[PDB]
4 protein chains.
Amino acid sequence: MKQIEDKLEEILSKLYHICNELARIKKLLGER
Amino acid sequence: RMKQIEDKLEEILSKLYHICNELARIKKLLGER
Amino acid sequence: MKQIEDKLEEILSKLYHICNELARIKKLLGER
Amino acid sequence: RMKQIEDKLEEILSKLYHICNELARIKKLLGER
């Protein structure tokens, strides 16, 4: 169960990296 | 057409933020085990 | 706890929608 | 430049599939409660 809690933190960190990268992609497309 | 992609990325980012909040909420409930 | 299991199924379904849409976006960009 | 975006979307999709498998693995472990 703690292994699950630690996995969730890990997954959340990965998702924040993805959000940052999608925002970068949306910027780049916006720049033309 | 590129504006439609941009707008969809914006929508996908908001959905992903919602998912992150829900998974954070789960994590808190597991720390209350 | 079952509420958590049901939330995870819900989140997974949403993520599969997102994957499908990103693939559509990658197609569209590829088409020029 | 557009090929770099496409390649990054491909990388992000593979990361999201990995996340989906990990969350499915959690879900199974919660059904074994």
# chains A, B, ... in the order shown; residues from 1 in each chain; ligands from 1
>>> closest_atom_pairs(of="chain B", to="chain A", cutoff="7 Å", atoms="only C-alpha atoms", output="tab-separated table")
residue	atom	partner	partner_atom	distance
B:6	CA	A:26	CA	5.7
B:9	CA	A:26	CA	6.5
B:13	CA	A:19	CA	6.2
B:20	CA	A:12	CA	6.3
B:23	CA	A:8	CA	6.9
B:27	CA	A:5	CA	5.4
B:30	CA	A:5	CA	6.1
B:31	CA	A:5	CA	6.8
>>> write_last_selection(atoms="N, CA, C and O atoms", output="PDB file, in the first residue's frame")
ATOM      1  N   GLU B   6      -4.389  23.868 -31.463  1.00  0.00           N
ATOM      2  CA  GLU B   6      -4.073  24.600 -30.242  1.00  0.00           C
ATOM      3  C   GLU B   6      -5.162  24.610 -29.158  1.00  0.00           C
ATOM      4  O   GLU B   6      -4.911  24.290 -27.951  1.00  0.00           O
ATOM      5  N   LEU B   9      -5.319  21.187 -27.617  1.00  0.00           N
ATOM      6  CA  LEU B   9      -4.234  21.001 -26.614  1.00  0.00           C
ATOM      7  C   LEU B   9      -4.581  21.647 -25.357  1.00  0.00           C
ATOM      8  O   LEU B   9      -4.294  21.191 -24.270  1.00  0.00           O
ATOM      9  N   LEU B  13      -4.861  19.759 -21.860  1.00  0.00           N
ATOM     10  CA  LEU B  13      -4.121  20.212 -20.636  1.00  0.00           C
ATOM     11  C   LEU B  13      -5.076  20.352 -19.495  1.00  0.00           C
ATOM     12  O   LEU B  13      -4.834  19.827 -18.398  1.00  0.00           O
ATOM     13  N   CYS B  20      -4.682  14.900 -12.611  1.00  0.00           N
ATOM     14  CA  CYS B  20      -3.611  15.068 -11.611  1.00  0.00           C
ATOM     15  C   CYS B  20      -4.290  15.333 -10.244  1.00  0.00           C
ATOM     16  O   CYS B  20      -3.893  14.724  -9.225  1.00  0.00           O
ATOM     17  N   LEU B  23      -5.769  12.142  -8.907  1.00  0.00           N
ATOM     18  CA  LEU B  23      -4.787  11.139  -8.482  1.00  0.00           C
ATOM     19  C   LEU B  23      -4.148  11.608  -7.173  1.00  0.00           C
ATOM     20  O   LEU B  23      -3.794  10.833  -6.334  1.00  0.00           O
ATOM     21  N   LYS B  27      -4.001   9.583  -3.672  1.00  0.00           N
ATOM     22  CA  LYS B  27      -2.770   9.469  -2.933  1.00  0.00           C
ATOM     23  C   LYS B  27      -3.019   9.880  -1.492  1.00  0.00           C
ATOM     24  O   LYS B  27      -2.400   9.172  -0.605  1.00  0.00           O
ATOM     25  N   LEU B  30      -4.849   7.183   0.320  1.00  0.00           N
ATOM     26  CA  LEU B  30      -3.940   6.056   0.624  1.00  0.00           C
ATOM     27  C   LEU B  30      -2.967   6.367   1.772  1.00  0.00           C
ATOM     28  O   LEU B  30      -2.519   5.466   2.453  1.00  0.00           O
ATOM     29  N   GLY B  31      -2.621   7.622   1.950  1.00  0.00           N
ATOM     30  CA  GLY B  31      -1.753   7.999   3.076  1.00  0.00           C
ATOM     31  C   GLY B  31      -2.550   8.003   4.374  1.00  0.00           C
ATOM     32  O   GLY B  31      -1.970   7.995   5.449  1.00  0.00           O
TER      33      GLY B  31
END
>>> atom_distance(atom1="CA of residue 5 (chain B)", atom2="CA of residue 10 (chain A)")
28.9 Å
>>> calpha_fit_and_write(fixed="chain B", moving="chain D", output="short mmCIF file (atom, residue, chain, number, x, y, z; two decimals) with N, CA and C atoms, in the first residue's frame")
data_model
loop_
_atom_site.label_atom_id
_atom_site.label_comp_id
_atom_site.auth_asym_id
_atom_site.auth_seq_id
_atom_site.Cartn_x
_atom_site.Cartn_y
_atom_site.Cartn_z
N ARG D 1 -7.08 25.94 -39.15
CA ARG D 1 -6.92 24.51 -38.69
C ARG D 1 -5.89 24.39 -37.51
N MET D 2 -4.84 25.20 -37.53
CA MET D 2 -3.80 25.04 -36.52
C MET D 2 -4.49 25.57 -35.23
N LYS D 3 -5.34 26.61 -35.30
CA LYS D 3 -6.03 27.13 -34.10
C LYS D 3 -6.90 26.00 -33.48
N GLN D 4 -7.50 25.13 -34.26
CA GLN D 4 -8.28 24.04 -33.70
C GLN D 4 -7.37 23.11 -32.90
N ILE D 5 -6.16 22.81 -33.38
CA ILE D 5 -5.20 21.94 -32.67
C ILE D 5 -4.82 22.62 -31.40
N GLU D 6 -4.39 23.87 -31.46
CA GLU D 6 -4.07 24.60 -30.24
C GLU D 6 -5.16 24.61 -29.16
N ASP D 7 -6.43 24.84 -29.61
CA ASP D 7 -7.53 24.81 -28.72
C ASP D 7 -7.74 23.39 -28.11
N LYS D 8 -7.55 22.36 -28.89
CA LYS D 8 -7.66 20.98 -28.38
C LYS D 8 -6.54 20.70 -27.37
N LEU D 9 -5.32 21.19 -27.62
CA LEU D 9 -4.23 21.00 -26.61
C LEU D 9 -4.58 21.65 -25.36
N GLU D 10 -5.15 22.87 -25.43
CA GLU D 10 -5.65 23.58 -24.22
C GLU D 10 -6.67 22.74 -23.50
N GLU D 11 -7.63 22.09 -24.17
CA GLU D 11 -8.63 21.31 -23.57
C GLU D 11 -7.98 20.05 -22.92
N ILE D 12 -7.06 19.42 -23.65
CA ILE D 12 -6.38 18.23 -23.13
C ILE D 12 -5.59 18.60 -21.88
N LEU D 13 -4.86 19.76 -21.86
CA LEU D 13 -4.12 20.21 -20.64
C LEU D 13 -5.08 20.35 -19.50
N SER D 14 -6.27 20.96 -19.67
CA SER D 14 -7.20 21.11 -18.51
C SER D 14 -7.65 19.81 -18.02
N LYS D 15 -7.88 18.83 -18.92
CA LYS D 15 -8.28 17.47 -18.51
C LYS D 15 -7.19 16.80 -17.78
N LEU D 16 -5.94 16.94 -18.18
CA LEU D 16 -4.84 16.39 -17.46
C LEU D 16 -4.62 17.00 -16.09
N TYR D 17 -4.86 18.30 -15.99
CA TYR D 17 -4.79 18.92 -14.60
C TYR D 17 -5.84 18.30 -13.73
N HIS D 18 -7.06 18.09 -14.24
CA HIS D 18 -8.14 17.47 -13.45
C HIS D 18 -7.70 16.07 -13.03
N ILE D 19 -7.13 15.30 -13.93
CA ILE D 19 -6.64 13.98 -13.57
C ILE D 19 -5.59 13.93 -12.50
N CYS D 20 -4.68 14.90 -12.61
CA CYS D 20 -3.61 15.07 -11.61
C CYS D 20 -4.29 15.33 -10.24
N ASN D 21 -5.25 16.25 -10.21
CA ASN D 21 -5.92 16.57 -8.88
C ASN D 21 -6.57 15.31 -8.39
N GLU D 22 -7.24 14.53 -9.20
CA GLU D 22 -7.92 13.29 -8.75
C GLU D 22 -6.94 12.30 -8.27
N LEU D 23 -5.77 12.14 -8.91
CA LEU D 23 -4.79 11.14 -8.48
C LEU D 23 -4.15 11.61 -7.17
N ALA D 24 -3.98 12.91 -6.98
CA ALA D 24 -3.41 13.53 -5.72
C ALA D 24 -4.40 13.23 -4.60
N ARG D 25 -5.66 13.28 -4.88
CA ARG D 25 -6.79 13.05 -3.90
C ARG D 25 -6.69 11.58 -3.52
N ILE D 26 -6.53 10.66 -4.45
CA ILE D 26 -6.33 9.24 -4.15
C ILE D 26 -5.12 9.04 -3.29
N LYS D 27 -4.00 9.58 -3.67
CA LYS D 27 -2.77 9.47 -2.93
C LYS D 27 -3.02 9.88 -1.49
N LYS D 28 -3.71 10.98 -1.28
CA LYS D 28 -3.95 11.47 0.13
C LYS D 28 -4.77 10.37 0.85
N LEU D 29 -5.79 9.82 0.23
CA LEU D 29 -6.69 8.85 0.85
C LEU D 29 -5.78 7.59 1.16
N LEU D 30 -4.85 7.18 0.32
CA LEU D 30 -3.94 6.06 0.62
C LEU D 30 -2.97 6.37 1.77
N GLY D 31 -2.62 7.62 1.95
CA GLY D 31 -1.75 8.00 3.08
C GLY D 31 -2.55 8.00 4.37
N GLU D 32 -3.86 8.02 4.28
CA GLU D 32 -4.74 7.90 5.43
C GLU D 32 -5.11 6.43 5.73
N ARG D 33 -4.34 5.47 5.19
CA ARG D 33 -4.69 4.07 5.23
C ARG D 33 -4.79 3.75 6.69
#
